[PDB]
Structures are given as C-alpha cells and as structure tokens.
Amino acid sequence: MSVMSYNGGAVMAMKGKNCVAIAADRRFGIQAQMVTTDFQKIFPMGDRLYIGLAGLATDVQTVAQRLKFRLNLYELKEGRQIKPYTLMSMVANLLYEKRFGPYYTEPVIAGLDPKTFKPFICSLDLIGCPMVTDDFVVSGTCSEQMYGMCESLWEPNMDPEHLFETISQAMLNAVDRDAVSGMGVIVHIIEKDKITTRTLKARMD
Amino acid sequence: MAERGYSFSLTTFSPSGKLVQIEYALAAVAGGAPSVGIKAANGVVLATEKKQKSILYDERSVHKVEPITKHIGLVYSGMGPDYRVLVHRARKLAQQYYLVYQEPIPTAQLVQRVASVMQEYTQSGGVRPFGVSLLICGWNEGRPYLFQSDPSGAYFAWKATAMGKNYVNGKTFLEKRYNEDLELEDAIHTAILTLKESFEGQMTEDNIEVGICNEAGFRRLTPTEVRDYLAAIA
Amino acid sequence: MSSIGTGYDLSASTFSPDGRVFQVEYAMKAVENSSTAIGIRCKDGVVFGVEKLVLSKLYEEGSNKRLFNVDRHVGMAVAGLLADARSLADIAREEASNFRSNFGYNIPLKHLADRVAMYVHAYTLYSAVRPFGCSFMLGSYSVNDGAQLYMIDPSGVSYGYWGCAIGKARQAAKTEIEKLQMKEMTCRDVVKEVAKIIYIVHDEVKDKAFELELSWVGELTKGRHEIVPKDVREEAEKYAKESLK
Amino acid sequence: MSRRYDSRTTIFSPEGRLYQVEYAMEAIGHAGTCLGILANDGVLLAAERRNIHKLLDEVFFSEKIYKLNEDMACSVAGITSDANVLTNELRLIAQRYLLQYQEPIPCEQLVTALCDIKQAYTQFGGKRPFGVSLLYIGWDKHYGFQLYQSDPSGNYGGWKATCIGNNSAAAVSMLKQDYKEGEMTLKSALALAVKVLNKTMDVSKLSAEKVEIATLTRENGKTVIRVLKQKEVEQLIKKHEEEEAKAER
Amino acid sequence: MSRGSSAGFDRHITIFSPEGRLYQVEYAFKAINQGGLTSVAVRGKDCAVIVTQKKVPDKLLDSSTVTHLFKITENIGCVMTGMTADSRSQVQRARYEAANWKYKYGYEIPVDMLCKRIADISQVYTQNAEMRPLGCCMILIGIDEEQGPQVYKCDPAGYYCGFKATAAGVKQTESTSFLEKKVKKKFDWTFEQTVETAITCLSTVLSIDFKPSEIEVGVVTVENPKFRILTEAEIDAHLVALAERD
Amino acid sequence: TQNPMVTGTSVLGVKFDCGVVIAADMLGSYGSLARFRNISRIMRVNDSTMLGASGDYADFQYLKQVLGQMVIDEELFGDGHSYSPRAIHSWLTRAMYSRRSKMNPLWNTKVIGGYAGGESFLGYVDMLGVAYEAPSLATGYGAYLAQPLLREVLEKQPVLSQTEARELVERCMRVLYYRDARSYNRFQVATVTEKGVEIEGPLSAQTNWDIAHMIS
Amino acid sequence: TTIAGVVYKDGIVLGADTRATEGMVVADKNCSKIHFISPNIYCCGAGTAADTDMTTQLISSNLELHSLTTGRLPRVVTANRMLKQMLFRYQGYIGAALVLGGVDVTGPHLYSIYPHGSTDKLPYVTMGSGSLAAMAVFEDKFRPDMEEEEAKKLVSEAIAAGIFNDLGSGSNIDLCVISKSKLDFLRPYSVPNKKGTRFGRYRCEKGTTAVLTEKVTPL
Amino acid sequence: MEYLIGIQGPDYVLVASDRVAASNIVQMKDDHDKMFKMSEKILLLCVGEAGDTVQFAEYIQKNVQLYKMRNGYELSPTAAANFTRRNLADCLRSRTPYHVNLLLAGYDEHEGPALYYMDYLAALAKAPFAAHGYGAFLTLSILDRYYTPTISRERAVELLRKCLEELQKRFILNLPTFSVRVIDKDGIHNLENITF
Amino acid sequence: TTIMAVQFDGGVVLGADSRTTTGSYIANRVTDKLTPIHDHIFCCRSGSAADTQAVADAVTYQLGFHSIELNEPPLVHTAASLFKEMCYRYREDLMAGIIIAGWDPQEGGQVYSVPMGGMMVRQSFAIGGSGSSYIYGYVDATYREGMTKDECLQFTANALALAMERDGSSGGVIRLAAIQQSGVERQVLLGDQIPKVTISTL
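Protein chains in written order, with this note's numbering: chain A, 287 to 491; chain B, -17 to 216; chain C, 2 to 246; chain D, 246 to 494; chain E, 8 to 253; chain F, 9 to 224; chain G, 2 to 220; chain H, 27 to 222; chain I, 384 to 585.
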C-alpha cells in the first residue's frame, strides 16, 4: 500500500469484509505527475495462492516488497505441509517493514487474504513502523488513508451476500475516483472467497 | 596471539550414506542417558534419566528437562556441554521466529537450523560434531509433534523413539507399541513405563525427570508428581 | 618430569596423556639450566638482583639484560631462555601502557599476575605459538597497594611471594630467605641480603665472570623502577663478598 | 602432529584428482534416490526418504524434497546432514534472484552458481565437499521445462530424465526406457516416478511414509510448487501398479 | 576406558572414538590428578560450603592467588580443582564472561545461570583441539535467590547438574560415596554443622587430616549472601567443636 | 581568552627558560567555568624522575595530554636500558597527534611546557593542541598569549639573559592582573621549577592582590 | 496511541492503558491490545511512539527468557533495563520508546521506566507519555500510604479513563494488566464503558454508480 | 515530465527510437554526435537517458554482469528480466537521496515468448507498453500517439511522425538539439536510420 | 539537574542529593534513587539528567567488576573515576552531567574524587557539583571547614539538599541522602512531604 506520499506513484485501495470472503478494490492505472506507463497493471499478488498482498506507489517498489515478503514466507511454507495462515502473514509483512532503520519501507503494506484452507476473513492495514496492529474490522489504505476508509467502513455488513459486496466495491472505486484529482485509468475488483479469486476488470478509458 | 592446528578434513566418506566419524558419535548417544519420548496425541510427553549415576541428585532447576519457550521443551541423551549450547541457541532461534511470526519456532524448522551447525562441525577440520541427539516436542499446526535430530545432523521422524542404553532395541519396542488418544494423566503413566523398559536400576523421583507439553504450555513436572505416576502402573 | 621428544609435542595444540604438556615441561628445564635471578619483597619496596653475563670487556648495559621495567614502576626479572623473555617483555610493556591510559594509577600487581599467567597459559593452548621458556618475577612499590612480589612460571600459575629466587638451585635459596625476617628489615637492609645469595647459588659451567646488576623500587626512587642508588649499591657489594668468606 | 597425515583434501593425489571428491560419490550410492522426469506442461521430482524406519510422524514433510521457492524445487541424494546446510542456502538464493529477476528462476543458472560453492571447499578452505548431489527442477522461459543435476565435484548436467542417489546407472536407463524425449505427460509421468522408486531402494517396500512426490505444474498465471500429501501419493502408488504393465506392453 | 582407534586422525585430535570418548577431555581428567587438589562440597539450607586444600611449596607466600577460592561474582563463589595453571586461565575467562553478564543482566546472577554460561564457553574448548580444553574442575557454591543454597559441579568438559552434595579432584567416585553416607545421615543444617560435616569428609577420604590454616572454607550463608572466606579464626571455631563432636 | 571549547580551565602558565632551569608559575585556582571549583590544585605532573610537565589551557584536555605523555616515558623505560626521555621527542610525538585531533569536532589549543635535560640533550619545548611546537626562550599560549606573553617577550628581546629572580617578581605582578581581569580565578599560585636532574614544586600557597585603581 | 500508567498497591504492578492501535493518527483498530506480554510474566505499558517500544521490548523478551528457563526464578527486570540502555546510548538518541517495564524479580520487586535516552535509576511508580500527569492525578487522590490489589485495580481503571478523555486516539475499554511473580492477566475487557461499533442503519448504493464488464477466476 | 528527453514507440512488429546526442558542457556541444544508444547485443538495445555521465557508469557495470549470464549458459539470457533486474538494484539505491536514477528504455528480443520492451522511469517503474518516452519527450508525444496512429502503425507514418516530433523539439522546446539519431527496428534487429 | 554533593569526614563519606528525574518540563518520576546499582560495593552520587549519568555508571560497573575480583574485593577510587572520564571525553559539551564519586579504596584512607563532564579526574577535599552547583555554591562553602566532622556532616549535608529542592526549579520533594562506607552503600530518606521550608521572603 502506501501512507507515504509520492508524486511519482500514488494509488488507492479500499477493502470491505463479508464473512467468508473479503474484497479488495484497487485502481489499475499508474501515474507519476504528468506520466503514465500502462493502461492496466497488477498490484495485489499471490505467493501461495488465493491470498493477496498489495504494494502501491510506483511499480518497482510494488514488485520489491512482494518478492521480499515471499522470502520470509517460504520457510514456513516448506516446514509445514499446510500453507501459511493469515495470522503468520500479518506479522511477516510487518517484519519486512520493520527490517529498515529510521527511513522505513518504500511502500506501506495493507494485507488482505482468507486463512488457508478455511473460510476465516482477514483485513489489516499497517503503518510503515513496527507498530503492531490486529485488525479484522475494515481497512482502507493509501496516502489519503481517511478517504479510502470512510467509504469502505460505510458500505458493508459483517455478513452480506458476496455479490452485494462486489457491486458495492465497483461503486466504491467510482466515488473514490471522483474524490481524487484524476487518478483512475481502469478499475479492478478482487473478491477472495475460499480457494477462488474473482477478478473483475470494470469499464472505462 | 593466533592458533592453527588441524584445518584439513578429518572426516572421510564411508559407503553407508554417512561418514565414519559421525557413525561413531551415534554410539556415544547410545552409551548416553536413557531418554524416552512418546507423542500422546494431545500433547507430547518427554522423560529423561535425571541421574548421571552418582545417585546424589538434588534438582530444582538444574534439569535435563528444559523449556526453551512457550511450547517447546528439549530432553537429550549424550553430552552435557554440547547440549547447553543447543539450549542457548534454541531460545535465540525460537525468539528469532517469535519476532517475525509472533509465534515461536515450529518443530520442523527448529530442526533444520540446529542440524546445519551439527554438520558444520563435521566437514570442517579442528572441530568435531555434537555428541547429542534431541527429542524435540512442540504443538504446531493444531497437532503435537515429536522429532528426532541425531548427532550427525540427519533427522528421522518419530511418533515414539527411545535413546540411551539399549536404544536400538528401544526403537523397535516403540514402533510396535506407540499409542495415541491418551488423556494427560495417562500420558505420564505410559511414558514412565516406557522409561522403566529403557532405564535400569532404581527409579524414585531423583532418578527420573518428566516434562509435558500440551495446550496450556510446556512445563516441567514436580518431583512429587512423577512418583505418583510411577507407582500407579505395571 | 615427563616428556619424550617423539609423541605429544609434535604440534603446540597437542595435549599430553599425563595432564601436563611436554612442551611446558621443556620450558621449565631451560629455566633450571640458567643463572640465578632473585627478587625479595621488603616492607618499603622490592629489591631485584639479576646477574648480567660478561663474556667480553667490550660489553655495556644492554648486553645480556634480565631487568626490564614492564611499566615504569613495575619491574620484571627473568631467568631461562632470554629470547622468549624479551619478547614477553614487549607485549607486557604494551599491556601495561594501555592499562595506564585507561585506569590512570600505579597498577596493582595482583591484577597483573592473573592476566599474565593466563597469557602464558594461552601460548600452551594455541598452535601458532609455543610456551614461554622463562619464569619470571614481577615486582613493584606503589602507594595503592604497597610492595608486591609475584612469580609466574612458564606453566601459567601465578602465586604470591614474600621473597622468591629462581636459578640452578631454587630450593636452597628459598630456605635462606626463610631464615631471615624481612619483617625486621626495611628496604635498605634487603639490598645487602639479595646480593650474597646470587654469588653462592650460581655454579659456573657456562659463565666466566658476571656482573651483578640490581634495581630499586623503593624509598630512594619514589614508586618508579630505577637502577639502584650508589650508596645502596656499595653497602650491598661489600656484604656479598664478606658472606663468601 | 598434522604434518605426517594424508587425506589429500586440497592436495592433488597420484590420480591427478583428490580422494575426498571421489569418496563423496560412494556415500551417495547407499543413500535414498531422487529422480526428476520431464512432462509437456510441467516437471516433477520423486524421492525416496533417508528414513527406512516403519514409523514416521511427518513433522517435516520435506525430508528429501524441499520446495525452495514458488518457482523451484529440490531433492537430496546423499546424507541428510550436509543437505540441511545446503537447504538454507537455497531458500536465500532462489528468492534473491527472483526479487531482481521477476521471472521464474532458470534451472541452469541455479546449479552452476551452487556447483561453484561445492568446488570451492574441496580446492580451498580445508573443508570436504558436501556429500550431497541436489537434483533441481524448475522452469524458465528460454530453455523451457528443465531438470538439472548437481554434484560435489562441481559437475552440472542438463537433463530431461535422470536419477542420482542409489543404483543410479540402472535408474537413468530405466527412466530412458519408459520415457523417451518429450513423450509422457505430467500425470502419467508421476506414475513412472514411483515405479522406478519401488525397484530401486536401499531397503525394499515402497510406502507412503518412504516416498515424497512433488509437482511443478504451471497453473493459471502462476507456476505452482506443491509437495503432495501422503494421501495423494497413495493414489499414485496404485497408479504405479498400473504403470508396470503399461511400460512392458 | 578406551584410548580409541583412529579412522580419521583421531590420535592427537578430540574427534570421536567408538566409546564416544574425546581424547583431549580424557587427558583433561589427568590434569586434575597433576594438581593434587581435591574438594568436598556440601549443600544445606543454612549455607553452601566448599572446602579444599591450599598448596604450600614454601612459607613465603602471599595469599591473593595462592588461594583456590575465587570470587566469580560477589554473592556466588567457587573453587577450581586440579592443575593450578589451567585453573588460572579458566578463572580469567570466566570473570570477563561474568562481567559481560553484569552488563546484560544488570545484577547478582543465579547459580544455575552462572554454571550455564561457563558450560557454553567450555563447549568451545571441548569441540576444538586448536586450543585444548582447560583441565580444571569448578564447583560453584552460592545461594540461589529463592531456592536456597546450591552446590553444582562442572567438569573440564562442562557437564553440570544439581546434586545433594558433590566432590571434585583426584578421584571423584571414591569421595562421592564417602559423602553419600554423610548425605543419608542428613544432619540438622545450621552453620556449625554444615561446615563441620564438609570438613570431616575431606579429612576422612585423605587420611592425612589437617589444621584449619591448611584448608580454606568458603561459605555463602543466609546470614550475609556475600561470598565470604572464613579465615584462620573462624574455621578454628568449627575444628575445636568438631573434636568434642563424635 | 583565545580558547575555543573549554570548560574546566587552567588559566595561565608562565614559562621562561634560564640557564639550566625553567620557572613555571601556574595558579592553584582551577575554574570549572566562572566558578573556582578547586582553590588549590597542583597542575604539575611528573612525566619522569628526570623530566617535568606544567600545563595551561583547559584542564580536561591536559589530563588527556598527561595519559599520552605518560606512556611515552613508559616506552623508554620499557626497553630495559632504563633511559629517561629527551624533551624534544615526547613533546614532538604528541604535536602530531594534535594535527589529527583537529578534524574531529573536539578542539585543542592545549599548552604544555616541557623543560628537560635527559640522555645528554637539553631541550626547552612548548607543545600545542594546534601543534605549534618549537624550541624557545620564553613561551606561553592560549590565555597566556593574550595578556602576559607580550610584556614577557618585550623584556626578553633586548635582554635575552633574564634570570629566574627578575622573572619571579614579574610572575607575581602578572598574576595580580589575572585575579582582577580573568573570571577563571582569584589568585593563589603554585611555583614549579623544572631541572634537568629532578622535578621540583612547592605546593600551592595563597597570594593576594594590591589595590590602586580607584584613585582617579 | 499509547499512554500508559501504573500503580503500586505495595506489591508489584497493575499496569493500565486505554486500547486503540493507530495507523499514524488514523485508527487502524478501534480497540485491540497495546499493553503487551513479552513471553509469560513481564508486561510493558507504553507511551510516546508505540513503535520503538515494541521492538526493544521484543529483544529483551528474548534475553529474559534465557534467564527464566535455566533458573526457574522470576523474570529479570534489570536484564531488560540494561539491553534498552545499551541500544539508546550509542547514537545518543535512536527512536523514542517510553516504557513501563514491570515484573517481580527473583529477589526484590523491580519496576523500571525507560525513557527515550538511557537511565539506570529505580522508582516504584511511574506514569508515562506527555499525559503522565493525568494518570498520576488519579493515584494521588485515591492512594494514600498502602493500597491493596482490588483498590489498585480501581485507581488503574481510573487512570485509563482519564487518557481516553484527554486524547481521543486512546478510546473505549480500560485494560488492566496484573503482573506478579507468577500470575499474569491479559483479558482485553476489564471495563466496557464505550465501544466502537458498526451502524444500525444501512445505506450504500448498488448499481447506480457501479461499473463492471469482465470477469475471470484465477487461483 | 522528468529529466532529459528520449522517445521510443513499439508497434509490436516495428520499434521506432530516437535519442538526443548531446553531452553538453556549458553552452556548446563539444561534439555533435554523442552515444546514448548502447548496444549490449545486436538483438538487445538499451537507450539510457538522464545525466550524461550517470548513464554511462550504470550501463557498464550491468553490461559486464549481462555478459556473465551469456558466458555461462551460451544461449540468450532473459533480456526482459535483466532490464528489470538492474531496476531492482536501482530500487535499493533509491532509498538513499543520491541521484543515480536513470530513465531507461529497453528494447530486447527474447526467444520462446517473443519481443519485450520495458519502460523505466526515474521514479523507477517497469511497464510493458504501447509507447513511452522519458523526460520532456514523454510529454511531447504521448498525447498525439492515441490520436494520429495505432500501435500497429506503418513504418512510413511512424517515421514522418518522428521527424515532425524532433522538429517540434527545436521549434517549441528549450532543449533543442540539431543532431538527433534515429534508428528503426524491424521485428529482430537494429537498422541505423538517417540522422536529422 | 538536581544537586550532588559529598562532604569529607576522614574515613567514610556523606553525600546528599535531591530527587526528581525529569522528562523535560514535566518531572516524570520523584520516587526514584539517586544511588542506584553502580557495582555492589562502590557509590556514586547522581542527579543531573538520567542519560548523562547512566552511560558512565554502567561502564564503571563493568570495568569495576573486573577490578574488584582480580585485586581482591575492594576497587580503587582513582580507577573508577577515569572510566567515567572516557564517556565524557566523546560527549564533551554534549552532556552537562558531572558525577560525584566518593569511596574508601584499599589505596589508603578516605578520598573524594570529582569526575567532570569535560574528562577531568581529581582527588580533592569536598566539592558539590551539578549544573545547578553554580547556584548552591555559597551554601556548601560555609558548611565546608577543615575536617568537617561526621555528626556535623549529617546536618550540613541534608540542609544543602533541602536548600536545593525548595529553591530549585529543577528540584523536587524529598532529599534522598547517601552515606558510603566499606560495608556497602546506604541510603536514608529525609522527608519533605511533611512541611520543611527554607524561610520565605517578604
């Protein structure tokens, strides 16, 4: 995610929660003051399949944090048979941020994923420090944290039907997109259910 | 000022899947103390010979049943100094896991990392690998586990295994015998009976030492308690 | 004493099956062949006496020395293989100097005796270095702790001493120190007493004539290790000849 | 002394080659066997564990095949002890290259880099060379599906089906006989893998406890490395019964 | 015992034997026997007593390191048993490690922890032959803060465990069985008795006996947790009582 | 004055060299800042039995110069020849260490006066913290430089053969100006004489000013 | 985010704080635990920037575990003191962690307060953050000489109520943490007096601002 | 709009590239032609643009490392990955406030998958893309490129479009250069086109 | 920055000090020690700021720890004060802290040494120091006579500490005074909870 500012990056994520699925809604454009480089590019990625981590700002830092997270992830992934939990990842991604001294991590991670092989929802955001946070309420994250959060707290229930959440999240990107200066260029919705990741590419320029 | 002496390989491959000098280390653990470990399937219990056969033993904390952390305990057979370093190293490793994960080190992982130093000492000149074998317990994944790490650095996975005097004979008796679905109290009773079969001589409560791992956490049983279990069973 | 030249000394990290390395036993044997160097602790200082070998009338004070000042208040009298004794003086000189930088006071000998004895044992341990081949005494006068005399063997034992001698006859000289009471003496009377013992103990089989050189760290040198003052030297010299006769 | 011995570790012998390097190959012979086979849409590793015991708890389900990365897999042929150190070096290299590269790690690239460490010890440092030959399976775009073989001698090899560990000469021919160049698909290949393991072991009878089977199959957008649970391998052990008939026919 | 067979280059190296023996360690036991020092240690509830013989070659001595009683920390105290050269080097190493503990821990160290740090360090010696293990033996005595008086013994190797009462020196086994009878007979633990029982045992095993000046007793009493040397006077108080005791 | 980065100061050190002897006068008043923390302090150190040191400038920077000095004498004794230093070598070796110490942010204008005769060579040296070191007739640096040195030098230029007596009355007079002008002391001095055979210095004794600056 | 206070009955520590964990000055979580357990009987109240408090506490958490397990003797506050001391001095300032360490040590009960710099001093009640004063004012009323465990609980709930009102980042639950020789209570809820909750009404717009056109399902 | 000016447009069967030749000291071009287009291979081209001096140092270190992959395998390395790989190394250098940031343009052909082109910012962002330009030049062309052609547009129209673009820099931009190099890439190789 | 003082008897010392350890404008703790664990036999008199004292206090514990065992149990005063000089040497003007060290070594008699925040170490009669001893400088000096006797030292020393907390705007309630012998370090608390005041102005 981010909670730092870049005028070389900047992107916006709002996530809201179901009860056996969690949704992450994401822009898919990239900006850089007077610069674009893609119509569509990925931000949240799997690294053990049907879990996601996003990294936002410019594209190198996105890719960097995610691979690095996998570096921490893989030892637990090998040692045990069962694939790692959501709880283990929440601390791990935080440990990655924590590795740096005084000038912390270049992106400021928000994690969304179902607990492996079981249907337990998780949403968390983190700060760029090592400050431990447990969250499972709702999370919105970006530079303008308050703006992703007010709408993402508003839309759900802690038991809607999956579809109702997906239509909510599509709209969630649109009212957000009017709220930012121009930052857009395609909208991606990710619903994480049990073993399947629903990906949707919304219409626009 | 400076030290040299011995820095060429001391270890030569034998066609057996192991080197000569490590094979000899496994005899060392056999002449070591009797230690038995059985996974009860609702916790793991590990029992060790308290004595070093002077039969003046006055334990209150000087044990060979040691909690590393919240849910990991170690009992060993073989060498004393070689063991103390593994205990000091284990806490640092458990905590290394505790910092990143906010849970301490699984059984499998702790084994991989301890095993790498034990091999290090083999290949290198001017060092010798440990003379210690570990019975490592833990509660991870929602299941109790028990691993055996040998003085070589090789690992053999066991639900029940025995070390010390008559270890070889100990493994076959366990392989046939091993039990699961055991109540906590029963766990102790089975563990003591298996210890009777490995260990010779007198058992009272300053001759054998027992520690249990379960859901509440690893702790080390008081000398009064061990005695009550010992009496109970045939 | 045990040692054989074949086996268990063919590396300087090989431990002997008797519990004491052959090499340390060899290091003591060299001390036993050398000349007698004595240092007796007084109530008001320490008085050293070491015999300085003269093989030619070309020699000055610099040739065949055995009095070093490890500090400039602490002295070192050595006996045995001179080559290792002077090298251990150089490392020791450094070790004292670093101590003075940090600590900032006349060093207490009791601390030196432990650190040096452990260093002498370290060289028995290690392959890249072999044991020291001398036994030496460290002697000081300070106000921080008074007169102090310690001797370290090449084994790497430190023991405390009232008065010790090391030579060709270590036991005869120490009984002779026992007879006299230094309790009755002040530093002035001690200089006489060291001087005789060196002449009698030492057996010529390698000397031809020696010069006795003695050093004070006492009352008339003020807690710094200086060579003996002239008055004291002459009082000491007469008695040594008189004791022969 | 130390000057009156021989072991000819860094010193060349009359042979023109070191004793320590040649001896390591003998230790590998009487230890559990690892094979990697090529399929059209994946690659797989099948290995015999170093445990000949009748009772395993499965504390670590990697006791031969360890999955390093989400792009790679390895096997161990030799002593488990030297493997432990090597396994830890591999989790770092495999992920480091990936941070930079953003492309599934090339099977060749990995082995040559590793082989360099294996040879470094024998030549200098006064350490013996690891008693373990590691069988790497991976996928990169510019060679395709790969299998590479690692030695203690610093020898590497580009293979399509090879086996190292116990009774290797028999094993490579047996993989060639059943499986030609590019012939067999991923599922049918997993069966073939167990069939050679049943025949060649340090100690007979092939069971779920004695075997661990790993798949590299490219899924929808990601290359997925999984070690199969005991339950899945069992379905392959019956498949391996079917396979014996099939090779012959 | 065994002298081992080589298959490596085991003969002058500490690496394995078929007994499991380490050559340098076994040689470390013979270092004990060189010194001539034997110690008998007794645990109580009033105190922990260590009593050991003081070496006299001549009567010109200062007692500051002739002494085999050492302060390894102000509360907990110890003796080195065996060859005096190996003892001084070990005491030296330990004190730098002890001071390190002071920087880390910040206070008076438990007897269990003190023996454990020395044990890890001596693991470095035991595995090497680069530097031979120090063939001294340490019995730490002191009052662990909640548990009470403790007597623990480390070997040259570093093997440590708790005991009702322990012994070290020229022969561990013979001294222990003599001590075992003293332990069975379990006396009322007060100051005079625990010191006296220790003193009687060391004298019976030698069958030479001694005067109080000839031994050095070091106690850690509940009275003052400081590690204290009795000196000539205080030991003498026990000796005269002991004569009247049967 | 003239003293960047000082806290505890020795104010003024007289050093004037006559034929085979030096008289140095330094106050006992040793201000820790403006406050006179110690009313009596001997700022005379024993390098050796054959050498002497007297120092002016910050007193903390002097104890540093003392530890460095101290080891050099040790080195010479250290050989076993049992030599006593030469005034030029010890003072000079330290002048180099003052070139290195400038670069890090601690400042030194530390000023010591060495008179020795040892081995067979007679030195009068002055060594600084900026590393102005030289042989001299008379020198003083730091706060000494701002007020007494020029009157001392003015007399020294046509009469280069001033004696310890003419200098004595002048030392007493100049220190009277220090009690009044400087804020680091109110009088009281130690008189130290270095010779080339023994280091001599009677203890700090009070002195008191004379008033006549309220007449006009 | 973290404002911590402690009180002394005449024993060891009941440490109190109001819960809430923040991502900067925006709430990440309404109220989840921020008075922390180290391994099993040492607890730390925190103030200032919460962050330095957590990582220093975690290394120390490693080192006390080494001493407890061999001794079977209480977790050593002095040990934990020294490690923090050591880290903060080298730089002369490196992060700000204002920590209320508290455990009953093997011998005496020992309570530490570590500020941003180094310290080596030993008080017995400290209240931390810039609101140390708000926490101290409840204790100075309620506690004259001597107090009991229950009574100490009542001051502690009150110190936690004050910080909630003083800074809105701390909010909701009053967490009370009993730290002793061998009893260490962590129970979230000790007083519900407020709570951060979800709405009872619902409005959200479905498909009148939503835009979709493609779907696929990857693993 | 970042630093110095470069532009490249791949039509995914052609690549159009032009770069400035100008390592300028003071107010004169000390030489007319100056290399900013570097050939690692004949089928990989790196066009580095930013600082005159910084571009060269960065390229040479990576270039011996690129060769090392070629030395071992004795087949092509993954070129798309190698241009990303240098970028990951520049992400580690980015935390430091030192400028070593390079606006790069990768043209490469890979064997198995096909052609790859990757865009690199001075903020460091990897994109496969229809056309991207670095610095001011990104600013100049990106807006016409949706309108006036396609991402499959003809070599002739591309070249006319490019010629006009380079004349617009002289005409409008405060950074004109009267030597620009133009190179045209077909589906596999470099052709050197007429300088303008 | 609370006052530190040590006044000379002639065989043991008496120190006296005021309490408040401060977290800037606000006083953080006034229930603290002014003679915490510096060794196990040695005392230093501390005040100033918590950090300035602490770095020095620990290094001296670690060096002192080596000194005491090798020498035989008591360390030297002069050795101990030099270790503190080193910390101050780096942080010359950075730390205003100055530590008042008072002991009985086996060097001889009673010695009171002043280790400065510059790097200076000196043995003297009695000095009282702090950053606030340019404030109670008169008050110590009147009490301080040639050979100020022990019974006298209890009233004089406590009073100087009392004068400090009342006047101090870096002082605070309760003077905690420390008397040091070769037996260990002993602290006493003279209350100021109960009303004690250095008499008001008009």
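Ideal Cβ placement from N, Cα and C applies to all residues, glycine included.
Can you check whether the C-beta of residue i is within less than 8 Å of a C-beta belonging to chain H?
i: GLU353/D; result: yes
Flag residue i as yes if its beta-carbon sits less than 8 Å from any beta-carbon of chain E, otherwise no.
i: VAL77/G; result: yes
Using three-state DSSP, classify residue i as helix, strand or coil.
i: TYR114/E; result: coil
i: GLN570/I; result: strand
i: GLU487/D; result: helix
i: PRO156/E; result: strand
i: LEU56/C; result: coil
i: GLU150/G; result: helix
Are the C-beta of residue i and some C-beta of chain B separated by less than 8 Å?
i: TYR124/C; result: yes
i: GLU308/D; result: yes
i: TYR127/C; result: yes
For chain F, find out if any of its Cβ atoms is closer than 8 Å to the Cβ of residue i; answer yes or no.
i: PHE211/C; result: no
For residue i and chain D, any beta-carbon pair shorter than 8 Å?
i: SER12/C; result: yes
Taking its Cβ as the centre, do 16 or more other Cβ atoms sit within 10 Å of residue i, making it buried, or is it exposed?
i: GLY566/I; result: exposed
i: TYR58/B; result: buried
Counting only C-beta atoms, is residue i closer than 8 Å to chain C at any point?
i: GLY107/B; result: no
i: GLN493/I; result: no
Against chain E: residues of the stretch 423 to 436 of chain I by CB proximity under 8 Å: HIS423, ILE424
Under 8 Å (Cβ pairs) to chain A, residues found in the stretch 306 to 336 of chain D: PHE306, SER307, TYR311, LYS312, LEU313, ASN314, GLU315, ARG336
Segment contact, 8 Å Cβ cut-off, at least three pairs: the stretch 143 to 151 of chain H with the stretch 169 to 187 of chain H: no
Segment contact flag, the stretch 201 to 211 of chain G with the stretch 32 to 42 of chain G, C-beta cutoff 8 Å, min 3 pairs: no
Residues, ordered as in the chain, of the stretch 414 to 430 of chain A that lie near chain G by beta-carbon distance below 7 Å: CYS415, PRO416, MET417, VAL418, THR419, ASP420, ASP421, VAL423
Inter-stretch contact (C-beta, 8 Å, three-pair minimum) for the stretch 71 to 78 of chain F and the stretch 43 to 63 of chain F: yes
Near-chain D residues of the stretch 87 to 101 of chain H (beta-carbon distance less than 8 Å), N- to C-terminal order: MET95, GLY98, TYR99, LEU101
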